[PDB]
Each structure stands twice: as C-alpha cells, then as structure tokens.
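Asker: Input file: protein_38.cif. Contents: mmCIF, C-alpha atoms and all ligand atoms.
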data_structure
#
loop_
_atom_site.label_atom_id
_atom_site.label_comp_id
_atom_site.auth_asym_id
_atom_site.auth_seq_id
_atom_site.Cartn_x
_atom_site.Cartn_y
_atom_site.Cartn_z
CA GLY A 83 0.00 0.00 0.00
CA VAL A 84 2.86 2.44 -0.94
CA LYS A 85 3.21 3.90 -4.52
CA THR A 86 5.00 2.02 -7.41
CA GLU A 87 8.19 3.61 -8.85
CA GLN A 88 6.16 5.26 -11.73
CA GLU A 89 3.69 6.70 -9.11
CA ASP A 90 6.68 8.22 -7.13
CA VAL A 91 8.09 10.00 -10.28
CA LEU A 92 4.52 11.34 -11.00
CA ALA A 93 4.31 12.61 -7.35
CA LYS A 94 7.69 14.47 -7.68
CA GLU A 95 6.52 16.12 -10.99
CA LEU A 96 3.23 17.16 -9.21
CA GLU A 97 5.31 19.18 -6.63
CA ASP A 98 5.43 21.87 -9.44
CA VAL A 99 1.55 22.07 -9.43
CA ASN A 100 1.66 25.68 -7.99
CA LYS A 101 4.22 26.84 -10.65
CA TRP A 102 3.78 28.32 -14.17
CA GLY A 103 5.54 25.82 -16.50
CA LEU A 104 4.47 22.43 -14.99
CA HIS A 105 5.74 19.48 -17.08
CA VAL A 106 2.15 18.63 -18.12
CA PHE A 107 3.16 16.41 -21.10
CA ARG A 108 5.44 14.41 -18.76
CA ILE A 109 2.56 14.11 -16.23
CA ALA A 110 0.35 12.83 -19.15
CA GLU A 111 2.92 10.09 -19.93
CA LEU A 112 3.59 9.12 -16.28
CA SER A 113 -0.15 9.01 -15.32
CA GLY A 114 -1.06 6.61 -18.23
CA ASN A 115 -2.83 9.51 -20.08
CA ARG A 116 -4.61 10.70 -16.84
CA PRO A 117 -3.18 14.25 -16.54
CA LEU A 118 -6.64 15.83 -15.87
CA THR A 119 -7.59 13.24 -13.19
CA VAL A 120 -4.27 13.46 -11.23
CA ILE A 121 -3.88 17.30 -11.53
CA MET A 122 -7.57 17.88 -10.49
CA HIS A 123 -7.14 15.41 -7.53
CA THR A 124 -3.88 17.18 -6.46
CA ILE A 125 -5.55 20.65 -6.69
CA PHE A 126 -8.73 19.48 -4.83
CA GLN A 127 -6.55 18.03 -1.96
CA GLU A 128 -4.24 21.16 -1.89
CA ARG A 129 -7.24 23.60 -1.67
CA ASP A 130 -9.11 21.27 0.80
CA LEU A 131 -12.17 21.20 -1.57
CA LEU A 132 -13.15 17.55 -0.64
CA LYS A 133 -13.60 18.54 3.07
CA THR A 134 -15.25 21.96 2.35
CA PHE A 135 -17.88 20.55 -0.11
CA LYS A 136 -18.07 17.01 1.47
CA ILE A 137 -17.04 15.31 -1.82
CA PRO A 138 -16.47 11.54 -1.36
CA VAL A 139 -12.97 10.83 -2.79
CA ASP A 140 -14.24 7.73 -4.78
CA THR A 141 -17.01 9.93 -6.36
CA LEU A 142 -14.37 12.58 -7.29
CA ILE A 143 -12.06 9.98 -8.92
CA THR A 144 -15.00 8.29 -10.77
CA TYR A 145 -16.25 11.66 -12.14
CA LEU A 146 -12.70 12.83 -13.10
CA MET A 147 -11.94 9.56 -14.97
CA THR A 148 -15.38 9.81 -16.71
CA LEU A 149 -14.78 13.50 -17.67
CA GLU A 150 -11.24 12.67 -18.96
CA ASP A 151 -12.63 9.70 -21.02
CA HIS A 152 -14.99 12.19 -22.86
CA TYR A 153 -11.97 14.19 -24.13
CA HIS A 154 -10.93 12.67 -27.54
CA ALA A 155 -7.45 10.99 -27.51
CA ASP A 156 -7.28 11.36 -31.39
CA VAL A 157 -7.58 15.24 -31.21
CA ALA A 158 -4.08 16.79 -31.12
CA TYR A 159 -4.81 20.05 -29.17
CA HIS A 160 -8.37 20.10 -27.62
CA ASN A 161 -7.80 16.98 -25.47
CA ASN A 162 -7.43 16.02 -21.77
CA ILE A 163 -3.84 17.41 -21.70
CA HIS A 164 -5.14 20.90 -22.72
CA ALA A 165 -7.96 20.59 -20.09
CA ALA A 166 -5.33 19.63 -17.45
CA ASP A 167 -3.12 22.59 -18.54
CA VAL A 168 -5.98 25.15 -18.30
CA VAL A 169 -7.00 23.74 -14.84
CA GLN A 170 -3.39 24.02 -13.50
CA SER A 171 -2.93 27.53 -15.07
CA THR A 172 -6.28 28.72 -13.54
CA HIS A 173 -5.06 27.24 -10.18
CA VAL A 174 -1.83 29.35 -10.36
CA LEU A 175 -3.72 32.55 -11.44
CA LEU A 176 -6.16 32.09 -8.46
CA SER A 177 -3.11 32.07 -6.05
CA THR A 178 -1.86 35.49 -7.39
CA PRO A 179 -1.01 37.84 -4.44
CA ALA A 180 -3.32 40.67 -5.74
CA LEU A 181 -6.32 38.20 -5.37
CA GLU A 182 -5.44 36.75 -1.87
CA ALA A 183 -8.71 36.21 0.14
CA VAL A 184 -10.86 37.87 -2.65
CA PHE A 185 -12.78 34.74 -3.86
CA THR A 186 -15.00 32.32 -1.86
CA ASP A 187 -14.44 28.51 -1.85
CA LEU A 188 -17.56 28.24 -4.13
CA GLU A 189 -16.10 30.75 -6.70
CA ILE A 190 -12.71 28.85 -6.63
CA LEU A 191 -14.62 25.51 -7.18
CA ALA A 192 -16.51 27.14 -10.10
CA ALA A 193 -13.31 28.47 -11.83
CA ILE A 194 -11.49 25.09 -11.49
CA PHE A 195 -14.53 22.90 -12.45
CA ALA A 196 -15.22 25.25 -15.42
CA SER A 197 -11.55 24.90 -16.54
CA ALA A 198 -11.79 21.06 -16.32
CA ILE A 199 -15.01 20.77 -18.46
CA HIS A 200 -14.42 23.78 -20.76
CA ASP A 201 -13.52 21.75 -23.94
CA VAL A 202 -14.97 18.27 -23.07
CA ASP A 203 -16.04 16.16 -26.13
CA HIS A 204 -14.31 18.66 -28.54
CA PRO A 205 -14.32 17.08 -32.05
CA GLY A 206 -11.18 19.00 -33.22
CA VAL A 207 -13.04 21.36 -35.65
CA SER A 208 -14.32 24.97 -35.14
CA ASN A 209 -17.87 26.30 -34.55
CA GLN A 210 -17.83 27.63 -38.16
CA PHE A 211 -17.00 24.13 -39.55
CA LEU A 212 -19.92 22.59 -37.51
CA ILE A 213 -22.28 25.38 -38.75
CA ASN A 214 -21.23 25.13 -42.47
CA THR A 215 -21.62 21.32 -42.48
CA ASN A 216 -25.16 21.53 -40.97
CA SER A 217 -23.99 19.30 -38.03
CA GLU A 218 -26.51 18.05 -35.40
CA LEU A 219 -24.62 20.12 -32.69
CA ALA A 220 -25.08 23.36 -34.74
CA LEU A 221 -28.84 22.47 -35.14
CA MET A 222 -29.31 21.89 -31.43
CA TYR A 223 -27.60 25.13 -30.35
CA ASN A 224 -28.97 27.34 -33.20
CA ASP A 225 -25.41 28.05 -34.51
CA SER A 226 -24.68 30.08 -31.28
CA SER A 227 -21.52 29.18 -29.19
CA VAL A 228 -22.13 25.61 -30.46
CA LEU A 229 -19.04 23.90 -28.93
CA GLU A 230 -19.14 25.92 -25.65
CA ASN A 231 -22.87 25.01 -25.07
CA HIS A 232 -21.93 21.35 -25.80
CA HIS A 233 -18.91 21.36 -23.39
CA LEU A 234 -21.18 22.62 -20.55
CA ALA A 235 -24.03 20.15 -21.35
CA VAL A 236 -21.63 17.14 -21.32
CA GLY A 237 -19.72 18.31 -18.20
CA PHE A 238 -23.02 18.55 -16.22
CA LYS A 239 -24.67 15.42 -17.78
CA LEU A 240 -21.67 13.26 -16.69
CA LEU A 241 -22.58 14.05 -12.99
CA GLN A 242 -25.54 11.61 -13.49
CA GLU A 243 -23.33 8.53 -14.28
CA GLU A 244 -22.88 5.85 -11.53
CA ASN A 245 -21.12 7.41 -8.45
CA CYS A 246 -20.22 10.63 -10.42
CA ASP A 247 -22.27 13.37 -8.59
CA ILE A 248 -19.38 15.30 -6.92
CA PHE A 249 -21.92 18.05 -5.87
CA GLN A 250 -24.32 15.56 -4.11
CA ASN A 251 -23.75 17.23 -0.64
CA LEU A 252 -24.07 20.91 -1.77
CA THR A 253 -27.30 22.77 -0.86
CA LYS A 254 -29.64 23.82 -3.71
CA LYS A 255 -28.41 27.46 -3.14
CA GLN A 256 -24.73 26.35 -3.54
CA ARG A 257 -25.60 24.28 -6.69
CA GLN A 258 -27.58 27.14 -8.37
CA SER A 259 -24.72 29.65 -7.69
CA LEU A 260 -21.96 27.17 -8.83
CA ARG A 261 -23.95 26.29 -11.98
CA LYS A 262 -24.57 29.93 -13.01
CA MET A 263 -20.84 30.78 -12.52
CA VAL A 264 -19.59 27.67 -14.44
CA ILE A 265 -21.96 28.50 -17.35
CA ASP A 266 -20.88 32.23 -17.39
CA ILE A 267 -17.16 31.16 -17.36
CA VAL A 268 -17.33 28.47 -20.12
CA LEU A 269 -19.52 30.58 -22.52
CA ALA A 270 -16.81 33.32 -22.09
CA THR A 271 -14.22 30.86 -23.67
CA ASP A 272 -15.88 31.40 -27.12
CA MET A 273 -13.30 33.60 -28.99
CA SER A 274 -16.27 35.56 -30.52
CA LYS A 275 -16.66 37.06 -26.95
CA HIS A 276 -12.91 38.02 -26.62
CA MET A 277 -13.18 41.75 -27.66
CA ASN A 278 -16.14 42.41 -25.23
CA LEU A 279 -14.36 40.55 -22.33
CA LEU A 280 -11.14 42.58 -22.93
CA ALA A 281 -13.04 45.96 -23.15
CA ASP A 282 -14.76 45.10 -19.78
CA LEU A 283 -11.38 44.07 -18.20
CA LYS A 284 -9.76 47.38 -19.47
CA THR A 285 -12.76 49.38 -18.03
CA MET A 286 -12.17 47.54 -14.68
CA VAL A 287 -8.39 48.41 -14.70
CA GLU A 288 -9.22 52.16 -15.30
CA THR A 289 -11.75 52.19 -12.31
CA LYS A 290 -9.65 49.66 -10.24
CA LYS A 291 -10.05 49.87 -6.42
CA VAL A 292 -7.73 48.19 -3.83
CA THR A 293 -8.33 47.76 -0.05
CA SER A 294 -5.84 49.30 2.50
CA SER A 295 -4.37 45.70 2.50
CA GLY A 296 -3.40 46.27 -1.22
CA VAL A 297 -5.72 43.51 -2.65
CA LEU A 298 -8.34 43.92 -5.45
CA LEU A 299 -11.87 45.14 -4.38
CA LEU A 300 -14.81 43.34 -6.15
CA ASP A 301 -18.14 44.01 -4.32
CA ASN A 302 -20.78 42.94 -6.97
CA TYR A 303 -21.40 39.67 -8.95
CA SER A 304 -20.87 41.48 -12.31
CA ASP A 305 -17.24 42.44 -11.34
CA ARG A 306 -16.39 39.11 -9.59
CA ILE A 307 -17.60 36.95 -12.57
CA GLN A 308 -15.87 39.27 -15.15
CA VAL A 309 -12.52 38.62 -13.35
CA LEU A 310 -13.13 34.81 -13.19
CA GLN A 311 -14.17 34.82 -16.91
CA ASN A 312 -10.96 36.74 -17.90
CA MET A 313 -8.85 34.51 -15.58
CA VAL A 314 -10.01 31.25 -17.33
CA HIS A 315 -9.81 33.03 -20.76
CA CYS A 316 -6.14 33.92 -19.83
CA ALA A 317 -5.53 30.25 -18.79
CA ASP A 318 -7.04 29.12 -22.16
CA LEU A 319 -4.70 31.56 -24.06
CA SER A 320 -1.64 30.87 -21.78
CA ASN A 321 0.45 28.67 -24.21
CA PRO A 322 2.60 31.60 -25.51
CA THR A 323 3.34 32.71 -21.86
CA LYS A 324 4.93 29.31 -21.00
CA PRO A 325 8.61 28.30 -21.30
CA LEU A 326 9.35 27.89 -25.04
CA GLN A 327 9.74 24.01 -24.94
CA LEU A 328 6.06 23.86 -23.79
CA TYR A 329 4.74 26.63 -26.12
CA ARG A 330 6.33 24.86 -29.14
CA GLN A 331 4.60 21.54 -28.26
CA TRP A 332 1.21 23.37 -28.05
CA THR A 333 1.91 25.15 -31.39
CA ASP A 334 2.72 21.76 -33.08
CA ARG A 335 -0.57 20.35 -31.66
CA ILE A 336 -2.87 23.30 -32.65
CA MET A 337 -1.31 23.38 -36.19
CA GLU A 338 -1.83 19.55 -36.56
CA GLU A 339 -5.51 20.06 -35.55
CA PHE A 340 -6.04 23.15 -37.83
CA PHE A 341 -4.33 21.39 -40.83
CA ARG A 342 -6.57 18.29 -40.27
CA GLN A 343 -9.64 20.64 -40.37
CA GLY A 344 -8.13 22.24 -43.53
CA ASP A 345 -7.76 18.73 -45.11
CA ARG A 346 -11.42 17.92 -44.24
CA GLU A 347 -12.50 21.32 -45.73
CA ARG A 348 -10.39 20.83 -48.97
CA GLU A 349 -11.58 17.17 -49.56
CA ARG A 350 -15.21 18.50 -49.39
CA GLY A 351 -14.51 21.59 -51.59
CA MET A 352 -15.33 24.01 -48.68
CA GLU A 353 -13.33 27.27 -48.36
CA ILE A 354 -10.20 26.48 -46.22
CA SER A 355 -10.35 28.39 -42.87
CA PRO A 356 -7.53 30.82 -41.85
CA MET A 357 -4.26 29.06 -40.69
CA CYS A 358 -5.77 25.64 -41.76
CA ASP A 359 -4.02 25.39 -45.22
CA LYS A 360 -0.84 23.21 -44.75
CA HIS A 361 0.18 24.18 -48.39
CA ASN A 362 -0.20 27.96 -47.64
CA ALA A 363 0.88 28.38 -43.94
CA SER A 364 3.34 30.65 -42.05
CA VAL A 365 3.29 29.01 -38.55
CA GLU A 366 5.80 31.68 -37.26
CA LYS A 367 3.97 34.72 -38.74
CA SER A 368 0.62 33.28 -37.40
CA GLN A 369 2.03 33.01 -33.80
CA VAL A 370 3.41 36.61 -33.98
CA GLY A 371 -0.05 37.76 -35.24
CA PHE A 372 -1.87 35.78 -32.48
CA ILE A 373 0.43 37.29 -29.80
CA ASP A 374 0.28 40.90 -31.20
CA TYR A 375 -3.54 41.11 -31.75
CA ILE A 376 -5.00 38.63 -29.12
CA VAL A 377 -2.65 37.22 -26.44
CA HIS A 378 -0.42 40.28 -25.60
CA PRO A 379 -3.34 42.79 -25.34
CA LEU A 380 -5.16 40.34 -22.96
CA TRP A 381 -2.13 39.47 -20.75
CA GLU A 382 -0.96 43.17 -20.72
CA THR A 383 -4.43 44.09 -19.32
CA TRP A 384 -4.39 41.14 -16.82
CA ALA A 385 -0.82 42.20 -15.70
CA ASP A 386 -2.17 45.77 -15.00
CA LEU A 387 -5.09 44.33 -12.92
CA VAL A 388 -2.73 42.29 -10.65
CA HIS A 389 0.39 44.60 -10.99
CA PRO A 390 3.11 43.50 -10.48
CA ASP A 391 2.27 39.76 -9.95
CA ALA A 392 2.24 38.86 -13.71
CA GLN A 393 5.55 40.62 -14.76
CA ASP A 394 7.53 37.30 -15.32
CA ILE A 395 4.59 35.83 -17.36
CA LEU A 396 4.41 39.02 -19.54
CA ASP A 397 8.29 38.89 -19.89
CA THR A 398 8.18 35.22 -21.08
CA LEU A 399 5.42 36.21 -23.60
CA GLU A 400 7.56 39.08 -25.07
CA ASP A 401 10.64 36.72 -25.26
CA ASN A 402 8.55 33.99 -27.04
CA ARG A 403 7.19 36.70 -29.42
CA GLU A 404 10.80 37.84 -30.38
CA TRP A 405 11.88 34.18 -30.84
CA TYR A 406 9.01 33.51 -33.38
CA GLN A 407 9.72 36.91 -35.14
CA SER A 408 13.45 35.94 -35.49
CA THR A 409 12.47 32.62 -37.29
CA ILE A 410 10.18 34.18 -40.01
CA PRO A 411 11.40 32.96 -43.48
MG MG B 1 -12.94 26.02 -26.29
ZN ZN B 2 -9.59 25.53 -24.44
#
Take the structure I supplied and represent it as structure tokens, if you would.
Answerer:
Amino acid sequence: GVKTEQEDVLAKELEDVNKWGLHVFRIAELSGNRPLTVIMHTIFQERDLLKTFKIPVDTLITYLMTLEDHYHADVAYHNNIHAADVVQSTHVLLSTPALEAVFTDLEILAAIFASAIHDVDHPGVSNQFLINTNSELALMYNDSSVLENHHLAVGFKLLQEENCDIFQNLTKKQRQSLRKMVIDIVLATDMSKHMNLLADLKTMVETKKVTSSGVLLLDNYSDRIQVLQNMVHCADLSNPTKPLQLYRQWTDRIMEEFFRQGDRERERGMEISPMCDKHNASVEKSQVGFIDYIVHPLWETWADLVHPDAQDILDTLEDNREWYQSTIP
C-alpha cells in the first residue's frame, strides 16, 4: 500500500503544481494519459475542496476519470492534456497575491470545475465548420456558441453517471450559484466574446479599487464573474506565456488540428479556414499575429489588474514573441 516507482516519479513532478511551466506532457505520460484526473485530484486536496464541499474521494475519482474519457485521444490540441493545462494555469492565477482572500471557496470551485469541463467532447473542428456542415450540434444550439454550449451540457450530464455526482452534498443554493458561474465562465471561452471581455477588463483596470491591505476590491457579482471569466480566458490563451519548450509543443498540436480541419475542408470543396491550409501556412507569422492582436493585449491588461504579480509571465510572452519573429522565413 505504498506507490510504485512510476507513481513516485509522477508525485515528484506534481510538486510543481503551484508553478507556471508544470511538465504537463510528462505528467500525461507518467499518469497513463490521466493528466486531468491526477492534476484535479492534487488541486482538490491542496485547496481542501473535498472537506469543504463534502465530496467523497471515490465519487471525485470516478467523475474525473469519466470526464477525462470524454476528451478525444485522437484530437491533437483540444484533449485532456489541454484541459489539465488550463486547470493548473487557472489554479496558479487564483493564487496570485493581488487576489489573496478575494474569492469564496464556491467561486474557486466554479473556476477550477469550469476549466476542467471547458472543452470536453471537442471534435477538433471549429464552430464555423460545424455550422457550415449543418452538423446536429449546430442544429441543437442554433449556430450560437455551439461547442461551448456542448462542453457545458456534457460536463453537467456526466454528474448523473454511476457514483459521479461530486456536488451531491451541496445545498440547492450552492448548486444554483456554482452552476450559473460555471456557465458564465465556459460561454466566455468562445473567442467571438474576446473583444467584449477585454473591453470590460480594461474598463475595470481604469476604475480599479484596492483595499488598504493592497488587494483587489470586487463588491458585486458582475465584477467578480468578469474577473473569473478573464482569468479562465487567460488560462485558455496561456500557451505563448509558457517556457518555449512547452509553447512549441502546443503550437505543433494546434497546427496539426487546424491542418486536419483544412484537409477535411479541402476534400469537401469548402473554403479552407484561416491558418488551416498546410500548403499555404506561415506558422511563425501566425504566432506573432496571435500574440500581437490577441494574447499580448489580454495578458498586458491582466498584468495591469494584478500589478506587479504577472511581470515574469508578460516577460516570457515578449521573449517567445521575439523568438518567433526571429524565425520568419
Ligand atoms: Mg474552447
Ligand atoms: Zn480551451
């Protein structure tokens, strides 16, 4: 009843769980492709969420394994490893000094649970592809945040499988509040909402208030949920802020997934989506564009909100940006 030698190496890697730049791909290999299960378990133990919400440990493990099984192993980017990465990145962002004692246990549970379910059952093609092909998913969700609606529906539906209801001991009031927050967070992961989220985060930085203790003041639901939505959005767009050996693995995976969508579009004579044409691609120029127009404006605004807690993350982002610029053919 002590861990095997593979289990010990996994445990030593999981000591980095509170650090930006966790070896998540190594944890995926060591856990037998269970990165989301072991990282969620570690985070739930670390934050004492099993005791606070009276979650039976067997129910937690059964749900986490079920959730992880509904991420597609054949999808190169939007898989259980990406879910695990966004969970661990949200975990680190929640621990930022400028947010110490700001958020309740329920809000923390919401942000982490939202991160874990936020891409579940992703088929490895975009909303636009599902809409243009008249897919069943697009029909059910009236072409509106199709994947993000689906992620939420599956994440909640899986609570009803045998010994999977991790919220069985929460009051109705707790469950209604958790549910609304998880829905507001995951629907905010739709990139179509990015510009509005960023405008609202900028507006909050301009009218920012801190207590005499130096920590962010958020006294209404609108402001608290906006910060959690931008936090998980930041975790979702965190690849270019990681050490370059990690960023480059994520870039290889997203480009594999985009090129596979491009191949499916070309074989069916559909217009090939941006960045999805493997015969007409500038991976390096794309990353510099993504950083310049999307990732840097978001993380620059986040860094202002929690000044100076995010300086080393913003510095890594600017270094990764210069590295991709310097490799443009
Ligand atoms: Mg998504
Ligand atoms: Zn995602």
Asker: Which residues of chain A come within 10 Å of ligand ZN 2 (chain B), and what is each one's closest atom pair and distance in Å (one decimal), counting only C-alpha atoms and all ligand atoms, sorted by chain and residue number, as JSON lines?
Answerer:
{"residue": "A:159", "atom": "CA", "partner": "B:ZN2", "partner_atom": "ZN", "distance": 8.7}
{"residue": "A:160", "atom": "CA", "partner": "B:ZN2", "partner_atom": "ZN", "distance": 6.4}
{"residue": "A:161", "atom": "CA", "partner": "B:ZN2", "partner_atom": "ZN", "distance": 8.8}
{"residue": "A:164", "atom": "CA", "partner": "B:ZN2", "partner_atom": "ZN", "distance": 6.6}
{"residue": "A:165", "atom": "CA", "partner": "B:ZN2", "partner_atom": "ZN", "distance": 6.8}
{"residue": "A:167", "atom": "CA", "partner": "B:ZN2", "partner_atom": "ZN", "distance": 9.2}
{"residue": "A:168", "atom": "CA", "partner": "B:ZN2", "partner_atom": "ZN", "distance": 7.1}
{"residue": "A:197", "atom": "CA", "partner": "B:ZN2", "partner_atom": "ZN", "distance": 8.2}
{"residue": "A:198", "atom": "CA", "partner": "B:ZN2", "partner_atom": "ZN", "distance": 9.5}
{"residue": "A:199", "atom": "CA", "partner": "B:ZN2", "partner_atom": "ZN", "distance": 9.4}
{"residue": "A:200", "atom": "CA", "partner": "B:ZN2", "partner_atom": "ZN", "distance": 6.3}
{"residue": "A:201", "atom": "CA", "partner": "B:ZN2", "partner_atom": "ZN", "distance": 5.5}
{"residue": "A:202", "atom": "CA", "partner": "B:ZN2", "partner_atom": "ZN", "distance": 9.1}
{"residue": "A:204", "atom": "CA", "partner": "B:ZN2", "partner_atom": "ZN", "distance": 9.3}
{"residue": "A:230", "atom": "CA", "partner": "B:ZN2", "partner_atom": "ZN", "distance": 9.6}
{"residue": "A:268", "atom": "CA", "partner": "B:ZN2", "partner_atom": "ZN", "distance": 9.3}
{"residue": "A:271", "atom": "CA", "partner": "B:ZN2", "partner_atom": "ZN", "distance": 7.1}
{"residue": "A:272", "atom": "CA", "partner": "B:ZN2", "partner_atom": "ZN", "distance": 9.0}
{"residue": "A:273", "atom": "CA", "partner": "B:ZN2", "partner_atom": "ZN", "distance": 10.0}
{"residue": "A:314", "atom": "CA", "partner": "B:ZN2", "partner_atom": "ZN", "distance": 9.1}
{"residue": "A:315", "atom": "CA", "partner": "B:ZN2", "partner_atom": "ZN", "distance": 8.4}
{"residue": "A:317", "atom": "CA", "partner": "B:ZN2", "partner_atom": "ZN", "distance": 8.4}
{"residue": "A:318", "atom": "CA", "partner": "B:ZN2", "partner_atom": "ZN", "distance": 5.0}
{"residue": "A:319", "atom": "CA", "partner": "B:ZN2", "partner_atom": "ZN", "distance": 7.8}
{"residue": "A:320", "atom": "CA", "partner": "B:ZN2", "partner_atom": "ZN", "distance": 9.9}
Asker: Which one of A:157, A:122, A:263, A:286 sits closest to residue 298 in chain A if you count all atoms listed in the file?
Answerer: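 Ranking A:157, A:122, A:263, A:286 by distance to residue 298 in chain A, first place goes to A:286.
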Asker: Do you know which residues are at most 10 Å from residue 174 in chain A counting all atoms listed in the file, after dropping those on the same chain fewer than 4 positions away, and could you put them as a PDB file with C-alpha atoms, in the coordinates of the input?
Answerer:
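Resulting contents of selection_11.pdb:
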ATOM      1  CA  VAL A  99       1.550  22.070  -9.430  1.00  0.00           C
ATOM      2  CA  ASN A 100       1.660  25.680  -7.990  1.00  0.00           C
ATOM      3  CA  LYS A 101       4.220  26.840 -10.650  1.00  0.00           C
ATOM      4  CA  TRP A 102       3.780  28.320 -14.170  1.00  0.00           C
ATOM      5  CA  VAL A 168      -5.980  25.150 -18.300  1.00  0.00           C
ATOM      6  CA  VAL A 169      -7.000  23.740 -14.840  1.00  0.00           C
ATOM      7  CA  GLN A 170      -3.390  24.020 -13.500  1.00  0.00           C
ATOM      8  CA  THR A 178      -1.860  35.490  -7.390  1.00  0.00           C
ATOM      9  CA  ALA A 317      -5.530  30.250 -18.790  1.00  0.00           C
TER      10      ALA A 317
END
Asker: Have a look at A:322, A:411, A:117, A:205 and name the one nearest to ligand MG 1 (chain B); count all atoms listed in the file.
Answerer: A:205
Asker: Please, what distance in Å, to one decimal, runs between CA of residue 143 in chain A and CA of residue 119 in chain A?
Answerer: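 Calculated distance between CA of residue 143 in chain A and CA of residue 119 in chain A is 7.0 Å.
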Asker: For each of A:399, A:234, A:106, A:191, take the minimum atom-to-atom distance to ligand MG 1 (chain B), counting all atoms listed in the file, then give the residue where this is smallest.
Answerer: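 Checking each candidate against ligand MG 1 (chain B), we get A:234 as the closest.
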Asker: Please list as a JSON list (two decimals) with C-alpha atoms, in the frame of the given file every residue within 12 Å of residue 275 in chain A, counting only C-alpha atoms and excluding residues in the same chain fewer than 6 positions away.
Answerer:
[["chain", "number", "residue", "atom", "x", "y", "z"],
["A", 226, "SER", "CA", -24.68, 30.08, -31.28],
["A", 227, "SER", "CA", -21.52, 29.18, -29.19],
["A", 230, "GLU", "CA", -19.14, 25.92, -25.65],
["A", 266, "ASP", "CA", -20.88, 32.23, -17.39],
["A", 267, "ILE", "CA", -17.16, 31.16, -17.36],
["A", 268, "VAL", "CA", -17.33, 28.47, -20.12],
["A", 269, "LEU", "CA", -19.52, 30.58, -22.52],
["A", 281, "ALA", "CA", -13.04, 45.96, -23.15],
["A", 282, "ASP", "CA", -14.76, 45.10, -19.78],
["A", 311, "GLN", "CA", -14.17, 34.82, -16.91],
["A", 312, "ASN", "CA", -10.96, 36.74, -17.90],
["A", 315, "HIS", "CA", -9.81, 33.03, -20.76],
["A", 376, "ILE", "CA", -5.00, 38.63, -29.12]]
Asker: Would you please work out which residue, of A:112, A:141, A:181, A:209, is nearest to ligand MG 1 (chain B) when using only C-alpha atoms and all ligand atoms?
Answerer: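 Looking only at the distances to ligand MG 1 (chain B), the closest residue turns out to be A:209.
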Asker: Can I get range 185-199 of chain A with N, CA and C atoms filled in, as a CSV table (one decimal), in the coordinates of the input?
Answerer:
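Listed below is the output, selection13.csv:
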chain,number,residue,atom,x,y,z
A,185,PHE,N,-11.8,35.7,-3.3
A,185,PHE,CA,-12.8,34.7,-3.9
A,185,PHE,C,-13.2,33.7,-2.8
A,186,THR,N,-14.5,33.4,-2.8
A,186,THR,CA,-15.0,32.3,-1.9
A,186,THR,C,-14.6,30.9,-2.4
A,187,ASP,N,-14.6,29.9,-1.5
A,187,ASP,CA,-14.4,28.5,-1.8
A,187,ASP,C,-15.3,28.1,-3.0
A,188,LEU,N,-16.6,28.6,-3.1
A,188,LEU,CA,-17.6,28.2,-4.1
A,188,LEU,C,-17.1,28.8,-5.5
A,189,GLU,N,-16.6,30.1,-5.5
A,189,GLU,CA,-16.1,30.8,-6.7
A,189,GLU,C,-14.8,30.0,-7.2
A,190,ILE,N,-14.0,29.6,-6.3
A,190,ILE,CA,-12.7,28.8,-6.6
A,190,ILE,C,-13.1,27.5,-7.3
A,191,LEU,N,-14.1,26.8,-6.7
A,191,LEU,CA,-14.6,25.5,-7.2
A,191,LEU,C,-15.2,25.7,-8.6
A,192,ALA,N,-15.9,26.8,-8.8
A,192,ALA,CA,-16.5,27.1,-10.1
A,192,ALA,C,-15.4,27.3,-11.2
A,193,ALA,N,-14.4,28.1,-10.8
A,193,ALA,CA,-13.3,28.5,-11.8
A,193,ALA,C,-12.6,27.2,-12.2
A,194,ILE,N,-12.3,26.3,-11.2
A,194,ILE,CA,-11.5,25.1,-11.5
A,194,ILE,C,-12.4,24.1,-12.2
A,195,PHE,N,-13.6,23.9,-11.8
A,195,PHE,CA,-14.5,22.9,-12.4
A,195,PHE,C,-14.8,23.4,-13.9
A,196,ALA,N,-15.0,24.7,-14.1
A,196,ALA,CA,-15.2,25.2,-15.4
A,196,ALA,C,-14.0,24.9,-16.3
A,197,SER,N,-12.8,25.1,-15.8
A,197,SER,CA,-11.6,24.9,-16.5
A,197,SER,C,-11.5,23.4,-17.0
A,198,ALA,N,-11.9,22.5,-16.1
A,198,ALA,CA,-11.8,21.1,-16.3
A,198,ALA,C,-12.8,20.6,-17.4
A,199,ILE,N,-13.9,21.2,-17.5
A,199,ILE,CA,-15.0,20.8,-18.5
A,199,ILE,C,-15.0,21.6,-19.7
